[PDB]
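Visitor: Have a look at this one.
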Amino acid sequence: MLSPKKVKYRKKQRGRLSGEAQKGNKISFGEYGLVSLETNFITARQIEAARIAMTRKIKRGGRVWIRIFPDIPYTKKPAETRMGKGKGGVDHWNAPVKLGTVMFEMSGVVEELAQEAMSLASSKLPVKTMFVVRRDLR
Amino acid sequence: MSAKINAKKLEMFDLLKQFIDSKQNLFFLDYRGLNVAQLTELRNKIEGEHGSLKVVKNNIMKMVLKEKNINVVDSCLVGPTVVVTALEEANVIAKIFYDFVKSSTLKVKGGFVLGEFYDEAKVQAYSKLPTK
Amino acid sequence: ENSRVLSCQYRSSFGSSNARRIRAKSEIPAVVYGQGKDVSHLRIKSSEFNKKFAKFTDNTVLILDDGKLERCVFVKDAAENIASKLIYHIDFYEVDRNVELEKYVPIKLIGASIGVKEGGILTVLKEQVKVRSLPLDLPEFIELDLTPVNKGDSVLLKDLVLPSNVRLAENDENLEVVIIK
Amino acid sequence: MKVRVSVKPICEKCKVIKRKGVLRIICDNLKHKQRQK
Amino acid sequence: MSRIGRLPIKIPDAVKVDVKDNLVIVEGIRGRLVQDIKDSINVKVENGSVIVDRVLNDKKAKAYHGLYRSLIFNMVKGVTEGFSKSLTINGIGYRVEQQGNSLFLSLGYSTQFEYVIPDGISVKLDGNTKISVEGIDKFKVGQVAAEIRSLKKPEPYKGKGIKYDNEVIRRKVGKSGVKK
Amino acid sequence: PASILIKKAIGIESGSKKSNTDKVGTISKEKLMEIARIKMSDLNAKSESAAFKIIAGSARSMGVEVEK
RNA sequence: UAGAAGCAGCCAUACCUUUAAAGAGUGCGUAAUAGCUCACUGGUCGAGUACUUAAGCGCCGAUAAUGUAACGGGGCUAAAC
Ligand SMILES: [Zn+2]
Numbered sequence: 001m002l003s004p005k006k007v008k009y010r011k012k013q014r015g016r017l018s019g020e021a022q023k024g025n026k027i028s029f030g031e032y033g034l035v036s037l038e039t040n041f042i043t044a045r046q047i048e049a050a051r052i053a054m055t056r057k058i059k060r061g062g063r064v065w066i067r068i069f070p071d072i073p074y075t076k077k078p079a080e081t082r083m084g085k086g087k088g089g090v091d092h093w094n095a096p097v098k099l100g101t102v103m104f105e106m107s108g109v110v111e112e113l114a115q116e117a118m119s120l121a122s123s124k125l126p127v128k129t130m131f132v133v134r135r136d137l138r
Numbered sequence: 001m002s003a004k005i006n007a008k009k010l011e012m013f014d015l016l017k018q019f020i021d022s023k024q025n026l027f028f029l030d031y032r033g034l035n036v037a038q039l040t041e042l043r044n045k046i047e048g049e050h051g052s053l054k055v056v057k058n059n060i061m062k063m064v065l066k067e068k069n070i071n072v073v074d075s076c077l078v079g080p081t082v083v084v085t086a087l088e089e090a091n092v093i094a095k096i097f098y099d100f101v102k103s104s105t106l107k108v109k110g111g112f113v114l115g116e117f118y119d120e121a122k123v124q125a126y127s128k129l130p131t132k
Numbered sequence: 002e003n004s005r006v007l008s009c010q011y012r013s014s015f016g017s018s019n020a021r022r023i024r025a026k027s028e029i030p031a032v033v034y035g036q037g038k039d040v041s042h043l044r045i046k047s048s049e050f051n052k053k054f055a056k057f058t059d060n061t062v063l064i065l066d067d068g069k070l071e072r073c074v075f076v077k078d079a080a081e082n083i084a085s086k087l088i089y090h091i092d093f094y095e096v097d098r099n100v101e102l103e104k105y106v107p108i109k110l111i112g113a114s115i116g117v118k119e120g121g122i123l124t125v126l127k128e129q130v131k132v133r134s135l136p137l138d139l140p141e142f143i144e145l146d147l148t149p150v151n152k153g154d155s156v157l158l159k160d161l162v163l164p165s166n167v168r169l170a171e172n173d174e175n176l177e178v179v180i181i182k
Numbered sequence: 001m002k003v004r005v006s007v008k009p010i011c012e013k014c015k016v017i018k019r020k021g022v023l024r025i026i027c028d029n030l031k032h033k034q035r036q037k
Numbered sequence: 001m002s003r004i005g006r007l008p009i010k011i012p013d014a015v016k017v018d019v020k021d022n023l024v025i026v027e028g029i030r031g032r033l034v035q036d037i038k039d040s041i042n043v044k045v046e047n048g049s050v051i052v053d054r055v056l057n058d059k060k061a062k063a064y065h066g067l068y069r070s071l072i073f074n075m076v077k078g079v080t081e082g083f084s085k086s087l088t089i090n091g092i093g094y095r096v097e098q099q100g101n102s103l104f105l106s107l108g109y110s111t112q113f114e115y116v117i118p119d120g121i122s123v124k125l126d127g128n129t130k131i132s133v134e135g136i137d138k139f140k141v142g143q144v145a146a147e148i149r150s151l152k153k154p155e156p157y158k159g160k161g162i163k164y165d166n167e168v169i170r171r172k173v174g175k176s177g178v179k180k
Numbered sequence: 076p077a078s079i080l081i082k083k084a085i086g087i088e089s090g091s092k093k094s095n096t097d098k099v100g101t102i103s104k105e106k107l108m109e110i111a112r113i114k115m116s117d118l119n120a121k122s123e124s125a126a127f128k129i130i131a132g133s134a135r136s137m138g139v140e141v142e143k
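Residue numbers (the UniProt record's numbering), protein chains in the order written: chain X, 1 to 138; chain W, 1 to 132; chain B, 2 to 182; chain L, 1 to 37; chain U, 1 to 180; chain H, 76 to 143.
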């Protein structure tokens, strides 16, 4: 998995996440990107499922960059309890994504194969996506 | 998306015009059903006889001939027609065409010897005619 | 030559709401600065910009005509929304049309090299080259075919076949752009 | 047979049609037949 | 639209065509056929030929263009040359015989099927395993051949059944094809 | 077979599996020219250079490193 | 590899050639082939076709139990937007 190896505080308050993305919204390290069309949370584990999909589809053609790291605990109270004590315990990790986050970046392979692989990745994420070529190079 | 097609068509027209200007005599053959091996053998025989046989687009050939003052019947271009240019042995080319017509289904649809549009009968007579 | 020309007209709106209304009318707000002039605020036709400069780089140079004047401008910046493919501001840096100037220009690699075919190792030492020209003649990107480059061969900077009025500017002329070992 | 919600061509010979208001796939490879749920 | 909708209709000399008040009558050597034509499409007979066009350009009219062109063409080809669709009965002990205006089919079932032939249609035999339905209307001919085929649809393991002659039956294997 | 003739000439008995990288030998230019001239009966080329190129392409497909 | 002939699988097709045009073969089926087809190209006919993007309405997805029962109802193709 993907998860931070040390935290100042184990639990943090669930904010309201809203607005488009004003940063991390441009293709930087690669050729093709997987932008999101929603604002939501992507778990670490869906992240690695999409990463397997892309990497396995790509027969050594190129490289894959993951532009999000979860670093947000998601707590869940024990199964059968009431509303009493408080802030149960970390269960899994979430990453925040907003409308316009690049979220995934690919290098090396032909555009057709990249589009296929990256629809194969989008099939496993909880948000609508769009595949973008640099739109300023080819 | 159309400039590339225009360029390819222009190159084809130029090559065909070079062949048509280098060929003293010309003919068109409908070779429908002429197998790959039969076509290879017929082309080899034409090359041995010094003729150049090749498939030319009907519309391009008609436009080029209209430019070059080739007033033939368009029926010669009707049907998949290989244009064979022979400049020296017209009798040899016609005899080879007759031999192919005997040994296969190829037909000598049209001919142009000294600017003379040779129909089926004239072409057959010329092919049966011997060399100098 | 037209394909490097761009029609604009002046705007005096200057607000977030005003800019949104303009882009709804399918135009693009833009500003021009440089040469010590007062900034010029103008607007551009989005369809024209998309049609002509769909592939614009840092090194693209073009001509702005307001019907009454001509300007030679670099596309210094363009605020793009990727999700909706929407340009929503352009920054044009003006330069003098007749003053020689330097600029790093990227390379574009074409062909399959014999050395790499036979077991060569690509090492792209230089991703760009410093060239020199008048603004209107700067190359968008400089091409390089690797096909004759065999094993154990490096590419000299002079080896780059260059457009007409474009000239090398590197202090190190003999540095290698791409090597195949 | 494959009463699905996503009906897609499987081989290049599959073809998409729309009949009486449902989307269907028809092919020579009867194993490829389909209708939207 | 597409070229079939606009392709002109030749009229054979022996064949007469007439249009009136949303109806078409085609009278030929072998019979007479009638058709309805919808308001949005206009059918014209000129110079010994039939042409079709549309007053509107709605998609219903677009489809109607080709539909009625094709129907009238099949309406003219029928009255001149007639339509014929053929069939083959393949299988052990399967037989077909004719008496008057009906056919008797032996198709393995515990009852021998009688089959009334609808009027306007003739049936021709070739021995006792080959059939050919002939008639003036392509629609009717296809209908009859289809309903006969439905009497005993073919199967893939041995080709048994009643097949269209032009049809190609995909074939499977049974016991011995799975041999290891 | 041209593959058999080339293997005999260069001492090749079993074709190299990775003919793209694992070279099985070198096909000399003169030997390739001789082989092409010998086998020109079955080759439909009109140029000796074309026949030699056909031989060289076959050698590359077999994995034999082209002779410079 | 026991058999791979284009189609258990591996390396690539930096194999040229007569080159119409023909991929180190698209699919089916063959123990392996054979065989039947495709990409490509020539004729016939005759201008839009072939793949995507943006906006407005749509279709399937759409599925619980006393009775149509998710416009108030009748009804409405506008009496909808
Ligand atoms: Zn199918």
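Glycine included, every Cβ here is placed at the ideal spot set by N, Cα and C.
Determine the contact status of residue 132/X and residue 33/X, defining contact as a CB-CB distance below 8 Å.
Guide: In the first sequence, counting from the first residue as 1, residue 132/X sits at position 132. In the first sequence, counting from the first residue as 1, residue 33/X sits at position 33. Against a cut-off of 8 Å, the Cβ pair of residue 33/X and residue 132/X comes out as a contact.
Visitor: Using a Cβ-Cβ distance cut-off of 8 Å, determine whether residue 142/X contacts chain B.
Guide: Residue 142/X lies beyond the residue range present for chain X, which begins at 1 and ends at 138; the question has no answer from this structure.
Visitor: Unbroken beta strand (DSSP E) runs of length 3 or more, entirely within the stretch 79 to 128 of chain H: which are they?
Guide: Correct list: 100 to 102.
Visitor: Could you tell me the distance, in whole angstroms, from the CA atom of residue 117/H to the CA atom of residue 109/H?
Guide: What you label residue 117/H is simply residue 42 of the sixth sequence in a count that begins at 1. What you label residue 109/H is simply residue 34 of the sixth sequence in a count that begins at 1. When rounded, the distance between both Cα atoms is 14 Å.
Visitor: Please go through the stretch 39 to 104 of chain B and give each complete alpha helix (DSSP H) segment of 4 or more residues, from N-terminal end onward.
Guide: You should have 47 to 54.
Visitor: Tell me whether the beta-carbon of residue 51/U lies closer than 8 Å to the beta-carbon of residue 44/U.
Guide: Position 51 of the fifth sequence, counted from the first residue, corresponds to residue 51/U. Position 44 of the fifth sequence, counted from the first residue, corresponds to residue 44/U. Cβ atoms of residue 51/U and residue 44/U: closer than 8 Å.
Visitor: Using a Cβ-Cβ cut-off of less than 9 Å, list which residues of the stretch 23 to 43 of chain X approach chain B; keep chain order.
Guide: The residues in question are 25, 26, 27, 33, 35, 36 and 37.
Visitor: On the DSSP letters alone, give me the boundaries of the alpha helix (DSSP H) that residue 103/W sits inside.
Guide: The residue you call residue 103/W lines up with position 103 of the second sequence. It spans 90 to 103 - the alpha helix (DSSP H) in which residue 103/W sits, taken as one unbroken run.
Visitor: Report the three-state DSSP secondary structure of residue 14/L (helix, strand or coil).
Guide: As a working note, residue 14/L is residue 14 in the fourth sequence. Note: residue 14/L maps to coil in three-state DSSP.
Visitor: Considering just the uninterrupted stretch of the beta strand (DSSP E) at residue 29/B, what are its terminal residues?
Guide: For the purposes of this step, residue 29/B is taken as the residue at position 28 of the third sequence. It spans 28 to 34 - the beta strand (DSSP E) in which residue 29/B sits, taken as one unbroken run.
Visitor: What are the start and end residues of each continuous alpha helix (DSSP H) run of 4 or more residues lying completely inside the stretch 8 to 90 of chain X, in chain order?
Guide: DSSP runs (the alpha helix (DSSP H)) wholly in the stretch 8 to 90 of chain X: 44 to 57.
Visitor: Report the residue from 94/X, 127/X and 51/X whose alpha carbon sits nearest the alpha carbon of residue 105/X.
Guide: Residue numbering aside, residue 105/X sits at position 105 when the first sequence is read from its first letter. Per the Cα distances, 51/X.
Visitor: Could you tell me whether the Cβ of residue 181/B comes closer than 8 Å to any Cβ of chain X?
Guide: Along the third sequence, one-based indexing puts residue 181/B at 180. Residue 181/B does not count as touching chain X.
Visitor: Taking only beta carbons into account, state which residues of the stretch 86 to 108 of chain X come closer than 9 Å to chain B, listed in chain order.
Guide: For the stretch 86 to 108 of chain X, which is checked against every Cβ of chain B, the residues closer than 9 Å are 99, 100 and 102.
Visitor: Short of 7 Å Cβ to Cβ, which residues in the stretch 42 to 55 of chain B face chain X?
Guide: Those residues of the stretch 42 to 55 of chain B that come within reach of chain X (Cβ to Cβ, closer than 7 Å) do not exist; the list is empty.
Visitor: Using CA atoms only, rank isn't needed, just tell me which of 91/U, 170/U and 147/U is closest to residue 116/U.
Guide: The residue you call residue 116/U lines up with position 116 of the fifth sequence. Looking at the Cα atoms, 147/U is the closest of the given residues.
Visitor: Rounded to whole angstroms, what is the Cα-Cα separation between residue 115/H and residue 121/H?
Guide: Within the sixth sequence, residue 115/H is the residue found at index 40, counting from 1. Within the sixth sequence, residue 121/H is the residue found at index 46, counting from 1. So the two alpha carbons sit approximately 9 Å from each other.
Visitor: For residue 110/X, decide whether its Cβ has a neighbour in chain B, counting only Cβ atoms nearer than 8 Å.
Guide: Counting from 1 along the first sequence, the entry for residue 110/X is found at position 110. So, not an interface residue.
Visitor: Determine the closest residue to residue 118/U out of 49/U, 139/U and 62/U, with distance taken between C-alpha atoms.
Guide: Counted from its first residue, the fifth sequence places residue 118/U at position 118. Nearest option by C-alpha distance: 139/U.
Visitor: Take residue 18/U as the anchor and find which of 67/U, 66/U and 75/U has the nearest alpha-carbon.
Guide: Here residue 18/U refers to the residue found at position 18 of the fifth sequence. That would be 75/U, whose Cα lies nearest to the Cα of residue 18/U.
Visitor: Listing by chain order, which chain X residues have their CB less than 9 Å from the CB of residue 86/B?
Guide: Taking the third sequence and counting its residues from 1, one reaches residue 86/B at position 85. Ordered by position in chain X, the residues that pass the 9 Å Cβ test against residue 86/B are 132 and 135.
Visitor: Compute every distance between the C-beta of residue 13/L and the non-hydrogen atoms of ligand 1, then say whether any falls below 7 Å.
Guide: Position 13 of the fourth sequence holds residue 13/L. Checking every heavy atom of ligand 1 against the Cβ of residue 13/L, one is found closer than 7 Å.
Visitor: Taking C-beta to C-beta, are residue 158/B and residue 171/B nearer than 8 Å?
Guide: Along the third sequence, read from residue 1 onward, the residue named residue 158/B stands at position 157. Along the third sequence, read from residue 1 onward, the residue named residue 171/B stands at position 170. A contact, by the Cβ cut-off of 8 Å.
Visitor: Using a threshold of 7 Å, is the CB atom of residue 17/L nearer than that to any non-hydrogen atom of ligand 1?
Guide: Taking the fourth sequence and counting its residues from 1, one reaches residue 17/L at position 17. Incorrect: residue 17/L has no Cβ contact closer than 7 Å to ligand 1.
Visitor: Please identify, using Cβ separations under 8 Å, the residues of the stretch 73 to 104 of chain B that lie next to chain X, in order along the chain.
Guide: Under the 8 Å Cβ criterion, the stretch 73 to 104 of chain B contributes 81, 82, 83, 84 and 86.
Visitor: For residue 32/L, which three-state DSSP category applies?
Guide: To locate residue 32/L, count along the fourth sequence from 1; it is residue 32. Of the three classes helix, strand and coil, the one that applies to residue 32/L here is helix, per DSSP.
Visitor: If you follow the alpha helix (DSSP H) that residue 48/W is part of, which residue opens it and which one closes it?
Guide: In the second sequence, the residue the question calls residue 48/W occupies position 48. Element bounds for residue 48/W: 36 to 48.
Visitor: Using the DSSP secondary-structure output, state which residues sit across from residue 9/B in a beta bridge.
Guide: Residue numbering aside, residue 9/B sits at position 8 when the third sequence is read from its first letter. Per DSSP, 45/B.
Visitor: Checking 8 Å against the spacing of the C-beta atoms, do residue 126/B and residue 178/B come in under that value?
Guide: Locating residue 126/B in the third sequence gives position 125, counting from the first residue. Locating residue 178/B in the third sequence gives position 177, counting from the first residue. Yes. Within cutoff.
Visitor: So what's residue 130/U in DSSP terms, helix, strand or just coil?
Guide: Along the fifth sequence, one-based indexing puts residue 130/U at 130. Of the three classes helix, strand and coil, the one that applies to residue 130/U here is strand, per DSSP.
Visitor: Consult DSSP for residue 115/U and reduce its assignment to one of helix, strand or coil.
Guide: What you label residue 115/U is simply residue 115 of the fifth sequence in a count that begins at 1. Here residue 115/U sits in strand by DSSP.
Visitor: Going by C-alpha to C-alpha distance, which of 88/U, 132/U, 66/U and 86/U sits closest to residue 1/U?
Guide: Position 1 of the fifth sequence, counted from the start, is the residue given in the question as residue 1/U. Looking at the Cα atoms, 66/U is the closest of the given residues.
Visitor: Mind checking residue 1/W: buried by the 16 CB within 10 Å criterion, or exposed?
Guide: As a first step, residue 1/W is located in the second sequence; it is residue number 1 there, counting from the start. Per the 10 Å Cβ criterion, exposed.
Visitor: Below 9 Å between beta carbons is the criterion; list the residues of the stretch 54 to 70 of chain X that meet it against any residue of chain B, in chain order.
Guide: Of all residues in the stretch 54 to 70 of chain X, none has a Cβ within less than 9 Å of some Cβ in chain B.
Visitor: According to DSSP, is residue 67/W part of a helix, a strand, or is it coil?
Guide: Counting from 1 along the second sequence, the entry for residue 67/W is found at position 67. It is helical.
Visitor: Apart from the five residues on each side of it in sequence, which residues of its chain come closer than 6 Å, Cβ to Cβ, to residue 84/H?
Guide: Indexing the sixth sequence from 1 puts residue 84/H at position 9. Correct list, in chain order: 106.
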